[PDB]
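Just below is one structure, and these are the notes that go with it.
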There are 2 protein chains.
Amino acid sequence: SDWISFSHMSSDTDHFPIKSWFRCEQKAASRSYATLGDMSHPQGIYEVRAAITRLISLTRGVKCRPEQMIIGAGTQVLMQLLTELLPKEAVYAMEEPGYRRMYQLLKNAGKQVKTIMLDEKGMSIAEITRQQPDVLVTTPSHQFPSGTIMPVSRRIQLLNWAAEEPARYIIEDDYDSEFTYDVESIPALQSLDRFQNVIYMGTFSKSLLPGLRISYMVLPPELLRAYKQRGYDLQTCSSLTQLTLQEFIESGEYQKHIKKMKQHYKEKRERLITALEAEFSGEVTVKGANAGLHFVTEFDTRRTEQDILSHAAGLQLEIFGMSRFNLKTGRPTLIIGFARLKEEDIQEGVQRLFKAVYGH
Amino acid sequence: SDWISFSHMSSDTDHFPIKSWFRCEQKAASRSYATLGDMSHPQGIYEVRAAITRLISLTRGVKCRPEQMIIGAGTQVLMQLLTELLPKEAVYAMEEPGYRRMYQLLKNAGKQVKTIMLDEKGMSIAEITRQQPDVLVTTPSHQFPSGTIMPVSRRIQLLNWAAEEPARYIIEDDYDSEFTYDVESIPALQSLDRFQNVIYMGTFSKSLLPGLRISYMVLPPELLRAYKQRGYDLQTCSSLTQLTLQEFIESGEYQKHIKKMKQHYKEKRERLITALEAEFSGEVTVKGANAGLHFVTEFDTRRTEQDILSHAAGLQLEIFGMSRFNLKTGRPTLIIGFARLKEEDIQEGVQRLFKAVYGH
Ligand SMILES: Cc1ncc(COP(=O)(O)O)c(CNCCCC(=O)O)c1O
Ligand SMILES: Cc1ncc(COP(=O)(O)O)c(CNCCCC(=O)O)c1O
């Protein structure tokens with residue numbers, strides 16, 4: 001059980017300030033103890049929404065009122081809710097390759113879903129123009145899984161597309177947006193939007209811990225009114241978790257945490273890439289490593305993706321292949337996550353990966 | 001802001017062992033710390049499901065394997081999931097009066113929903129037989145909101161009905177089942193079921209705190225296989241909350257807690273009823289007070305339910321009327337919850353209620 005993790009679905013625990021999180025929980029609990037006997041406001045505790053609002057206004061430039069926000073026990077429960085606010089007959093469009101779980105959720109809900117190939121600037125506007133969908137689902141900070149950072153130019157083009165005819169919506173999934181390495185960070189589509197066509201979605205799974213189960217989305221005014229007319233919804237995110245998060249943010253512990261992890265992840269990513277190129281004698285192609293907590297590696301080998309993956313598991317290496325992200329040759333590509341990866345495991349993990357790819 | 005609560009949607013905080021809960025969280029966290037960097041198993045952490053299983057086998061006689069269980073960030077997210085496992089065209093049947101939120105969820109999902117009146121033994125089997133639905137939704141321990149305890153005889157009758165033709169399902173919502181006052185507790189429908197037609201649903205909102213957001217449901221083998229074929233679902237209940245709950249149960253703190261609250265709620269309910277009958281000079285009818293954390297009171301007054309409710313709010317009394325639970329004269333009826341009600345507020349609250357009903 002000496003497993004090494006190259007997983008893209010994990011967070012670091014070694015440097016997570018668990019004692020501070022617990023201290024924040026105790027403080028938040030004793031301050032709002034009486035409210036724990038009742039359910040949360042359906043959109044989430046107001047003070048907590050206000051704290052997330054100020055945060056994402058500062059870091060992503062997002063423009064909204066806390067009343068527009070809905071928390072949030074996972075992006076999927078929010079997405080589920082979102083599809084019930086949007087027109088029932090809406091045609092969705094997802095990036096290809098992309099998030100298969102969300103693709104499956106949409107298809108399972110009976111929705112028509114188009115897939116849009118990527119170019120060097122991310123989600124192809126030419127393909128969007130051609131296929132004429134209603135609702136875009138896009139990951140601009142770090143394309144999931146390819147890692148492409150959508151430049152401002154393509155962001156404008158998508159925004160121009162949504163604004164020119166009505167009933168066009170853009171779901172901006174800002175997953176993995178906290179960490180941009182040696183490029184400046186870029187404002188959210190939502191921030192650049194002048195016509196309120198963007199639904200901004202965010203999560204704390206990467207910046208904190210995925211098991212905390214706190215996510216959020218920001219609704220355009222008209223979709224917010226559609227939400228309010230339901231009236232039966234209940235909040236799914238834990239009240240204690242909500243209150244703790246607010247204290248964590250407002251006390252400066254979150255900013256302290258992000259500052260530390262930003263440096264840590266950057267140094268670890270650099271060490272890992274140096275180790276990969278040294279072990280593979282530079283016979284590897286690394287893509288999508290300018291932001292986020294994973295990148296893509298292509299190998300020059302006759303071994304199939306499946307057999308490499310099969311051998312990796314026998315080597316107790318947790319790793320996934322690019323075919324996981326197909327919605328619909330001789331260079332297998334894998335996703336290399338490094339969030340959970342222990343610094344002390346870099347060389348051992350990279351050596352195991354070499355044996356998985358080549359057989360020795 | 002001197003509010004008194006007769007709410008049925010609350011839990012006691014004054015006697016909740018918050019320090020023990022926190023001690024259990026710290027212990028659970030340090031024991032399973034490494035797992036917090038990954039997402040939970042989609043059905044919930046296995047050890048946590050096993051702990052809930054043993055608990056509900058002991059207290060409700062429920063018969064299942066942990067593999068059948070799904071957690072659980074609220075009954076509504078589980079119900080949502082359940083309707084996607086059941087036949088899409090299934091005709092549901094709910095108790096009338098009943099849980100309007102769930103009625104709205106089902107209707108919003110495009111489902112046909114019948115309503116079934118109650119008799120002295122609860123959900124009428126004669127009405128069920130007449131209307132011929134597919135899926136029953138029932139609250140046997142303490143009918144929501146009427147408080148009627150479904151006797152074993154009616155439970156058998158419902159079970160016989162589901163077993164006699166295929167594609168008949170019973171959703172057993174065992175909300176408010178922890179506390180039965182001066183009657184013996186009764187085994188769940190699920191426990192008496194010989195044909196695997198029951199979906200058992202439970203929550204910790206009443207026995208712990210509603211803001212913890214942990215609920216669960218137990219699926220019949222065939223519905224479990226239907227669940228497993230989706231494959232894209234993610235867990236919605238917090239991992240820390242899950243792990244804490246397991247430690248809370250397995251350390252004996254839960255049993256200790258339930259023992260204490262059982263006595264506390266029983267004594268408080270008795271004091272409240274004595275206060276009500278004294279203040280209203282016995283001109284009140286109390287119904288559904290043999291279990292659960294609320295009962296029903298009918299008043300002899302010309303004031304409408306709405307005007308009584310309107311005056312109550314001006315008196316800073318949190319209270320709801322029976323019409324809240326209509327899915328589709330001269331004796332207004334209110335629901336009196338007492339979970340959150342402070343012992344020291346009984347007389348002041350009962351005096352405010354008298355002024356709301358009568359005007360002085
Ligand atoms: C594309 C994308 N968007 C959001 C999330 C975060 O979801 P939660 O808010 O934490 O529930 C993620 C989730 N990623 C883990 C699953 C990746 C996989 O390969 O299945 C995401 O990918
Ligand atoms: C009938 C019924 N079943 C289950 C629940 C518990 O739901 P959670 O697991 O806590 O999400 C409840 C919920 N009750 C509070 C709402 C009552 C109302 O008047 O709206 C319930 O009623």
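Every chain in the structure tokens takes a letter, A first, then B, and so on in the order presented; its residues are numbered from 1, and the ligands are numbered from 1 following the presented order.
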
Self-check item: 10 Å contact set for range 241-249 of chain B, only C-alpha atoms, chain neighbours under 3 positions out, as a PyMOL selection string
Solution: (chain A and resi 211-212+238+240-241) or (chain B and resi 20-29+31-32+36+40+44-52+54-55+71-72+204+208+212-214+237-238+252-257)

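The contact shell of ligand 2, defined as all polymer residues within 7 Å when only C-alpha atoms and all ligand atoms are used, comprises residues 8, 9, 73, 74, 75, 76, 99, 100, 101, 139, 144, 173, 175, 202, 203, 204, 205, 210, 213, 214 and 215 of chain B.
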
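Straight-line separation from atom 6 (C, counted along the ligand's line) of ligand 1 to CA of residue 174 in chain A: 9.0 Å.
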
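When the distance limit is 6 Å and only C-alpha atoms are what count, the residues near range 185-198 of chain B, minus those fewer than 2 positions from it on the same chain, are residues 60, 61, 62, 63, 169, 170, 171, 180 and 220 of chain B.
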
Quiz item: Which is closest to ligand 1 among A:102, A:317, A:152, A:339, if we use only C-alpha atoms and all ligand atoms?
Solution: A:102

Quiz item: Nearest to chain B: which of A:268, A:302, A:130, A:206 is it, counting only C-alpha atoms?
Solution: A:206

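Nearest residue to chain B among A:224, A:284, A:219, A:34 is A:34, counting only C-alpha atoms.
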
Practice problem: Report as a count of residues only: the residues of range 75-299 of chain B with a DSSP assignment of strand (DSSP E), based on the backbone of this structure. | Solution: 43

Exercise. May I ask which of the residues A:184, A:14, A:172, A:38 is the closest one to chain B, counting only C-alpha atoms?
Key: A:38

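Interatomic distance, CA of residue 111 in chain B against CA of residue 143 in chain B: 22.7 Å.
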
Exercise. Give me every alpha helix (DSSP H) residue in range 80-319 of chain A, going by DSSP on the backbone, as a ChimeraX atom specification.
Key: /A:80-85,100-108,125-131,152-164,189-192,221-228,239-250,253-279,305-314

Self-check item: Contacts of residue 319 in chain A within 12 Å, only C-alpha atoms, excl. fewer than 6 positions in-chain, as a PyMOL selection string
Solution: chain A and resi 3-10+294+296-297+305-306+308-313+333-338+340-341+349-350+352-353+356

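Nearest residue to residue 133 in chain A among A:272, A:121, A:166, A:93 is A:93, counting only C-alpha atoms.
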
List the spatial neighbours of residue 303 in chain A as a short mmCIF file (atom, residue, chain, number, x, y, z; two decimals) with N, CA, C and O atoms, in the first residue's frame - criterion: any atom at most 8 Å away, only C-alpha atoms, same-chain residues fewer than 3 positions off excluded.
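After the write, out09.cif holds the following:
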```
data_model
loop_
_atom_site.label_atom_id
_atom_site.label_comp_id
_atom_site.auth_asym_id
_atom_site.auth_seq_id
_atom_site.Cartn_x
_atom_site.Cartn_y
_atom_site.Cartn_z
N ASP A 307 -2.77 -0.43 -21.61
CA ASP A 307 -1.73 -1.28 -21.05
C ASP A 307 -0.77 -0.51 -20.13
O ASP A 307 -0.26 -1.08 -19.15
N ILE A 308 -0.49 0.75 -20.46
CA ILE A 308 0.32 1.58 -19.57
C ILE A 308 -0.43 1.77 -18.24
O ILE A 308 0.15 1.61 -17.17
N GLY A 330 -0.26 6.14 -32.20
CA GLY A 330 0.97 5.77 -31.53
C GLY A 330 1.55 6.73 -30.50
O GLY A 330 2.72 6.63 -30.16
N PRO A 332 0.26 7.74 -26.86
CA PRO A 332 -0.62 7.74 -25.69
C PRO A 332 -0.36 8.97 -24.83
O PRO A 332 0.78 9.41 -24.71
N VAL A 357 5.33 2.84 -18.88
CA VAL A 357 5.33 3.24 -20.28
C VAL A 357 6.16 2.30 -21.16
O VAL A 357 5.75 1.94 -22.26
N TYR A 358 7.32 1.88 -20.65
CA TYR A 358 8.28 1.16 -21.47
C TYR A 358 8.45 -0.31 -21.09
O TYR A 358 8.85 -1.12 -21.92
#
```

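Between CA of residue 292 in chain A and CA of residue 270 in chain A the interatomic distance comes to 13.0 Å.
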
Exercise. Find the residues near residue 97 in chain B: any atom within 10 Å, counting only C-alpha atoms, skip ones fewer than 5 places away on the same chain, and give them as number ranges by chain.
Key: B: 115-118, 143-146, 322-328

Residues from last step as file, N, CA, C and O atoms, as a PDB file, in the first residue's frame:
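So selection-v5.pdb came out as:
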```
ATOM      1  N   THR B 115     -52.824  12.038  -4.282  1.00  0.00           N
ATOM      2  CA  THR B 115     -52.822  12.325  -2.851  1.00  0.00           C
ATOM      3  C   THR B 115     -53.794  11.386  -2.156  1.00  0.00           C
ATOM      4  O   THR B 115     -54.876  11.110  -2.667  1.00  0.00           O
ATOM      5  N   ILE B 116     -53.390  10.887  -0.994  1.00  0.00           N
ATOM      6  CA  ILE B 116     -54.160   9.889  -0.276  1.00  0.00           C
ATOM      7  C   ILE B 116     -54.561  10.418   1.092  1.00  0.00           C
ATOM      8  O   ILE B 116     -53.700  10.751   1.906  1.00  0.00           O
ATOM      9  N   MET B 117     -55.858  10.494   1.353  1.00  0.00           N
ATOM     10  CA  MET B 117     -56.320  10.949   2.657  1.00  0.00           C
ATOM     11  C   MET B 117     -55.914   9.958   3.742  1.00  0.00           C
ATOM     12  O   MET B 117     -55.555   8.812   3.458  1.00  0.00           O
ATOM     13  N   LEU B 118     -55.963  10.411   4.989  1.00  0.00           N
ATOM     14  CA  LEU B 118     -55.620   9.561   6.117  1.00  0.00           C
ATOM     15  C   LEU B 118     -56.875   9.116   6.852  1.00  0.00           C
ATOM     16  O   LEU B 118     -57.889   9.810   6.820  1.00  0.00           O
ATOM     17  N   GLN B 143     -46.832  10.664  11.376  1.00  0.00           N
ATOM     18  CA  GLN B 143     -47.271  11.199  10.093  1.00  0.00           C
ATOM     19  C   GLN B 143     -47.054  12.710  10.011  1.00  0.00           C
ATOM     20  O   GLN B 143     -47.479  13.464  10.885  1.00  0.00           O
ATOM     21  N   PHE B 144     -46.373  13.134   8.955  1.00  0.00           N
ATOM     22  CA  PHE B 144     -46.051  14.542   8.744  1.00  0.00           C
ATOM     23  C   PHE B 144     -47.149  15.189   7.910  1.00  0.00           C
ATOM     24  O   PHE B 144     -47.255  14.904   6.720  1.00  0.00           O
ATOM     25  N   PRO B 145     -47.951  16.083   8.515  1.00  0.00           N
ATOM     26  CA  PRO B 145     -47.817  16.676   9.846  1.00  0.00           C
ATOM     27  C   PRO B 145     -48.759  16.152  10.935  1.00  0.00           C
ATOM     28  O   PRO B 145     -48.630  16.617  12.065  1.00  0.00           O
ATOM     29  N   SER B 146     -49.691  15.252  10.621  1.00  0.00           N
ATOM     30  CA  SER B 146     -50.795  14.961  11.551  1.00  0.00           C
ATOM     31  C   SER B 146     -50.351  14.241  12.826  1.00  0.00           C
ATOM     32  O   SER B 146     -51.045  14.288  13.839  1.00  0.00           O
ATOM     33  N   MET B 322     -51.698  24.519   9.689  1.00  0.00           N
ATOM     34  CA  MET B 322     -51.924  23.251   8.999  1.00  0.00           C
ATOM     35  C   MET B 322     -52.035  23.403   7.486  1.00  0.00           C
ATOM     36  O   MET B 322     -51.725  22.468   6.749  1.00  0.00           O
ATOM     37  N   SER B 323     -52.459  24.578   7.022  1.00  0.00           N
ATOM     38  CA  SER B 323     -52.659  24.795   5.587  1.00  0.00           C
ATOM     39  C   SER B 323     -51.337  24.785   4.813  1.00  0.00           C
ATOM     40  O   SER B 323     -51.322  24.630   3.595  1.00  0.00           O
ATOM     41  N   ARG B 324     -50.230  24.935   5.533  1.00  0.00           N
ATOM     42  CA  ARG B 324     -48.900  24.806   4.950  1.00  0.00           C
ATOM     43  C   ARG B 324     -48.709  23.422   4.315  1.00  0.00           C
ATOM     44  O   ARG B 324     -47.924  23.254   3.384  1.00  0.00           O
ATOM     45  N   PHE B 325     -49.450  22.436   4.812  1.00  0.00           N
ATOM     46  CA  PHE B 325     -49.241  21.045   4.418  1.00  0.00           C
ATOM     47  C   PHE B 325     -50.333  20.506   3.503  1.00  0.00           C
ATOM     48  O   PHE B 325     -50.353  19.314   3.189  1.00  0.00           O
ATOM     49  N   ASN B 326     -51.241  21.381   3.077  1.00  0.00           N
ATOM     50  CA  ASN B 326     -52.179  21.035   2.020  1.00  0.00           C
ATOM     51  C   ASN B 326     -51.418  20.826   0.719  1.00  0.00           C
ATOM     52  O   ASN B 326     -50.600  21.662   0.335  1.00  0.00           O
ATOM     53  N   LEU B 327     -51.672  19.713   0.044  1.00  0.00           N
ATOM     54  CA  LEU B 327     -51.077  19.502  -1.263  1.00  0.00           C
ATOM     55  C   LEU B 327     -52.067  20.007  -2.308  1.00  0.00           C
ATOM     56  O   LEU B 327     -51.693  20.707  -3.249  1.00  0.00           O
ATOM     57  N   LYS B 328     -53.337  19.665  -2.118  1.00  0.00           N
ATOM     58  CA  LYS B 328     -54.418  20.278  -2.882  1.00  0.00           C
ATOM     59  C   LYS B 328     -55.428  20.942  -1.943  1.00  0.00           C
ATOM     60  O   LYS B 328     -55.561  22.168  -1.917  1.00  0.00           O
TER      61      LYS B 328
END
```

Exercise. Can you pull out every residue within 10 Å of residue 223 in chain B, counting only C-alpha atoms, but drop anything in the same chain fewer than 2 positions away, and send it as a ChimeraX atom specification?
Key: /B:68,82,85-86,197,199,218-221,225-228

Just-selected residues, N, CA and C atoms written as a PDB file, in the first residue's frame:
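Result written to again_16.pdb:
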```pdb
ATOM      1  N   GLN B  68     -26.034  -1.246   0.063  1.00  0.00           N
ATOM      2  CA  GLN B  68     -27.348  -0.792  -0.394  1.00  0.00           C
ATOM      3  C   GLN B  68     -27.618   0.666  -0.040  1.00  0.00           C
ATOM      4  N   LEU B  82     -33.590   9.157  -6.381  1.00  0.00           N
ATOM      5  CA  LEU B  82     -34.502   8.018  -6.364  1.00  0.00           C
ATOM      6  C   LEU B  82     -35.481   8.018  -7.539  1.00  0.00           C
ATOM      7  N   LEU B  85     -34.088   6.552 -10.616  1.00  0.00           N
ATOM      8  CA  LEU B  85     -33.868   5.106 -10.582  1.00  0.00           C
ATOM      9  C   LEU B  85     -35.171   4.364 -10.821  1.00  0.00           C
ATOM     10  N   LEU B  86     -36.259   4.927 -10.307  1.00  0.00           N
ATOM     11  CA  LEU B  86     -37.586   4.361 -10.499  1.00  0.00           C
ATOM     12  C   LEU B  86     -38.026   4.578 -11.942  1.00  0.00           C
ATOM     13  N   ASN B 197     -39.701  -4.465  -1.477  1.00  0.00           N
ATOM     14  CA  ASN B 197     -40.431  -3.416  -2.177  1.00  0.00           C
ATOM     15  C   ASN B 197     -40.288  -2.054  -1.514  1.00  0.00           C
ATOM     16  N   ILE B 199     -38.174   1.254  -0.084  1.00  0.00           N
ATOM     17  CA  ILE B 199     -36.995   2.103  -0.014  1.00  0.00           C
ATOM     18  C   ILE B 199     -37.052   2.866   1.304  1.00  0.00           C
ATOM     19  N   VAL B 218     -31.862   3.460   1.795  1.00  0.00           N
ATOM     20  CA  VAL B 218     -31.498   2.071   1.598  1.00  0.00           C
ATOM     21  C   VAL B 218     -32.251   1.507   0.402  1.00  0.00           C
ATOM     22  N   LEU B 219     -31.516   1.133  -0.641  1.00  0.00           N
ATOM     23  CA  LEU B 219     -32.123   0.680  -1.892  1.00  0.00           C
ATOM     24  C   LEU B 219     -32.290  -0.831  -1.965  1.00  0.00           C
ATOM     25  N   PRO B 220     -33.445  -1.285  -2.467  1.00  0.00           N
ATOM     26  CA  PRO B 220     -33.638  -2.685  -2.863  1.00  0.00           C
ATOM     27  C   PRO B 220     -32.577  -3.091  -3.886  1.00  0.00           C
ATOM     28  N   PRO B 221     -32.157  -4.367  -3.887  1.00  0.00           N
ATOM     29  CA  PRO B 221     -31.101  -4.881  -4.771  1.00  0.00           C
ATOM     30  C   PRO B 221     -31.206  -4.415  -6.224  1.00  0.00           C
ATOM     31  N   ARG B 225     -28.657  -1.841  -8.425  1.00  0.00           N
ATOM     32  CA  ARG B 225     -28.019  -2.120  -9.703  1.00  0.00           C
ATOM     33  C   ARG B 225     -28.331  -1.028 -10.720  1.00  0.00           C
ATOM     34  N   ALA B 226     -29.541  -0.485 -10.655  1.00  0.00           N
ATOM     35  CA  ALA B 226     -29.905   0.637 -11.504  1.00  0.00           C
ATOM     36  C   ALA B 226     -29.025   1.847 -11.177  1.00  0.00           C
ATOM     37  N   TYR B 227     -28.759   2.051  -9.890  1.00  0.00           N
ATOM     38  CA  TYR B 227     -27.883   3.131  -9.452  1.00  0.00           C
ATOM     39  C   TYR B 227     -26.459   2.957  -9.974  1.00  0.00           C
ATOM     40  N   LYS B 228     -25.939   1.739  -9.875  1.00  0.00           N
ATOM     41  CA  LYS B 228     -24.557   1.469 -10.255  1.00  0.00           C
ATOM     42  C   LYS B 228     -24.309   1.624 -11.754  1.00  0.00           C
TER      43      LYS B 228
END
```

Practice problem: Go through B:164, B:348, B:233, B:84 and flag the residue nearest ligand 1, using only C-alpha atoms and all ligand atoms for the distances. | Solution: B:233

Which residues of chain B have any atom within 9 Å of an atom in ligand 1 when counting only C-alpha atoms and all ligand atoms, and what is the closest pair of atoms for each, with the distance in Å to one decimal? Order the rows by chain and rising number and write it as JSON lines.
```
{"residue": "B:39", "atom": "CA", "partner": "ligand 1", "partner_atom_place_in_ligand_line": "15 (C)", "distance": 8.1}
{"residue": "B:232", "atom": "CA", "partner": "ligand 1", "partner_atom_place_in_ligand_line": "20 (O)", "distance": 8.0}
{"residue": "B:234", "atom": "CA", "partner": "ligand 1", "partner_atom_place_in_ligand_line": "11 (O)", "distance": 7.2}
{"residue": "B:235", "atom": "CA", "partner": "ligand 1", "partner_atom_place_in_ligand_line": "11 (O)", "distance": 8.3}
{"residue": "B:236", "atom": "CA", "partner": "ligand 1", "partner_atom_place_in_ligand_line": "11 (O)", "distance": 7.9}
```
